[PDB]
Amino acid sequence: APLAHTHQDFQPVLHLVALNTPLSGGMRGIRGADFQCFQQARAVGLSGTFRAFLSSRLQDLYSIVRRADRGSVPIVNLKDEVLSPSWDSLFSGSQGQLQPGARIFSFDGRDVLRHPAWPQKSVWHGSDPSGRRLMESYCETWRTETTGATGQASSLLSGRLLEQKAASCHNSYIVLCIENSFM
């Protein structure tokens, strides 16, 4: 079964972990995506609060992490490898540029880029490079997988989380979960 991640606490960090399955724009709303993050996190023994890395109605992706934890707290993957020095650095205009060589793991320990369970190496986000929501491009608040509606997404092969591609909601992409505060 999935092995648990037991974080040796030292200094505050926030984990960025991918869901175990890709999802389409029809996620049953943000409530739907957040619940899967919460469930999969607990399954590997994490105690923090995980929320989907997505913008929603009246909610900018940028304000997902608690104010106090935004400017300094390092972002690390499941294996506690650093992806970013802080939350704010992703919204610096770098388009969420990750550390060269970095890798994103699912809650169950798989490298999303290397594993075939994720056919499409793209991440949904519904936001601009500032982390502001795109009301015209977030699959109607992640409630539809119809070909006609779009959701802003990013190619992971690029190394950046916030690239600006408007993709058809009828697509199976990677969805990330971010620990919203350190405790």
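All residue numbers refer to positions in the sequence shown, first residue = 1.
Taking the mean C-alpha B-factor of each stretch as recorded, 147-155 and 51-59 are not equal, and the higher mean is that of 147-155. With 125-133 and 63-71 compared on mean CA B-factor from the PDB entry, the stretch scoring higher is 63-71. The entry lists C-alpha B-factors for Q11, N20, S24, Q164, and the highest of these is at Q11. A117: CA B factor in the middle third of modelled residues in this chain (values from the PDB entry).
Compared with the other modelled residues of the chain, the Cα B-factor recorded for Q95 ranks in the highest third. Placement of the Cα temperature factor of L46 within the chain: highest third of the modelled residues, per the deposited record.
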